[PDB]
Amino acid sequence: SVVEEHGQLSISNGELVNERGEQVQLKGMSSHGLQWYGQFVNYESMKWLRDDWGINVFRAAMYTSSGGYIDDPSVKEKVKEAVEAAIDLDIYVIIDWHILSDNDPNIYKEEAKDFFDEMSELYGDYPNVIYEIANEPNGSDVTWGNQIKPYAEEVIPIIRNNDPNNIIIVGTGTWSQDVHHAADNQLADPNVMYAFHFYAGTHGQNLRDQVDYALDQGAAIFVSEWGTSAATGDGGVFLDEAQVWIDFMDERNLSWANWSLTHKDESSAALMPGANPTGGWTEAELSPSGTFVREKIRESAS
């Protein structure tokens, strides 16, 4: 029903809108690395998230490094499973080329182009797909002007050859925080959004102001990763500040995906160790983070 209702998404003056030009705000979950916690990504768990949490988007985090796609491309099978489940469930899905330790997107540019050509050839005709071409550029030697923009200018045409209109999310500097630099030197493609990532135990007002600067430049922003913990994904749970961030995003209608759907023993994890991989979770199987995020999505669902 989500995709049936909104259909083809597009950007209109920095806003994510549906095929009728109305605002759309996606709220969902991101998987953790598919090479480690892929069992939590399947039709049943996605259906449970759709039906019990109210998600309207699912993010498949395909790490490139750290035992991911570069070393073992079989993980692509999990990405396809996720996309196919999202199509069957009628929700949106983000295919995330999840760079991190490989901090410059240009490290695996050829492989990225090849992967996105394949993904866009396979799924380019479905409105469900959103491509996220470089999770988190990072490092002092990696900037928008020198590394990220040019990378995007090479990958985007590859996708556009097969899929002229689906949304493309592009990572920004300093672990997808530097949306101000991107907003001052935007890509030409009309259907792009810049990623902004935050952790409630580490980031606050200064970064909210930075996002506002970017929005004031007409840039579209997708919060494709955010956590209730510290920036490491652990170090405690900060729901007071997480709610400040939630309100901030609602005021601005920013779409988001929470990190992350896993049973790993880290504060940002949504599930407790041993949680059922196919869903149907008891309240006891959700962590404090998970309980809170589920409420945030339910309280705005339908």
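Superpose the two forms; the largest set of C-alphas matching within 1.5 Å is the rigid core. The first residue of the sequence shown is number 1, and the count goes up from there.
Visitor: Once the rigid core is lined up, would you tell me whether 235-243 or 260-268 has the higher RMS CA deviation in 4 other deposited structures of this protein?
Guide: The stretch that sits farther from the shown form in 4 other deposited structures of this protein is 235-243.
Visitor: Could you check whether 171-179 or 224-232 drifts more from the shown form in 4 other deposited structures of this protein, using RMS Cα distance once the core is superposed?
Guide: Comparing 224-232 with 171-179, the one that moves more in 4 other deposited structures of this protein is 224-232.
Visitor: Given the B-factors recorded for C-alpha atoms, which segment has the greater mean, 186-194 or 204-212?
Guide: Per the PDB record, 204-212.
Visitor: Averaging CA B factors per stretch from the PDB record, which one is higher: 69-77 or 127-135?
Guide: Taking the mean C-alpha B-factor of 69-77 and of 127-135, the larger value falls to 69-77.
Visitor: Taking the values straight from the PDB record, which of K27, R59, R252, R50 has the highest C-alpha temperature factor?
Guide: Each of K27, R59, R252, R50 was compared by C-alpha B-factor; the highest is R252.
Visitor: Have a look at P164, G173, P150, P105 and flag the one whose Cα has the highest B-factor in the entry.
Guide: Out of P164, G173, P150, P105, the record gives the largest C-alpha B-factor to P164.
Visitor: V244's Cα B-factor: lowest, middle or highest third of the chain?
Guide: CA B-factor rank for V244: middle third.
Visitor: Sorting the chain's CA B-factors, does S224 end up in the lowest, middle or highest third?
Guide: Its C-alpha B-factor belongs to the lowest third of this chain's values.
Visitor: Ranked by Cα temperature factor within the chain, is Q177 in the lowest third, the middle third or the highest third?
Guide: For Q177, the deposited C-alpha B-factor lands in the lowest third.
Visitor: Select lowest, middle or highest to describe the third in which the CA B-factor of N276 falls within its chain in this entry.
Guide: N276: CA B-factor falls in the highest third of its chain.
Visitor: Check where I55 lands among this chain's C-alpha B-factors and tell me if it's the lowest, middle or highest third.
Guide: Its C-alpha B-factor belongs to the lowest third of this chain's values.
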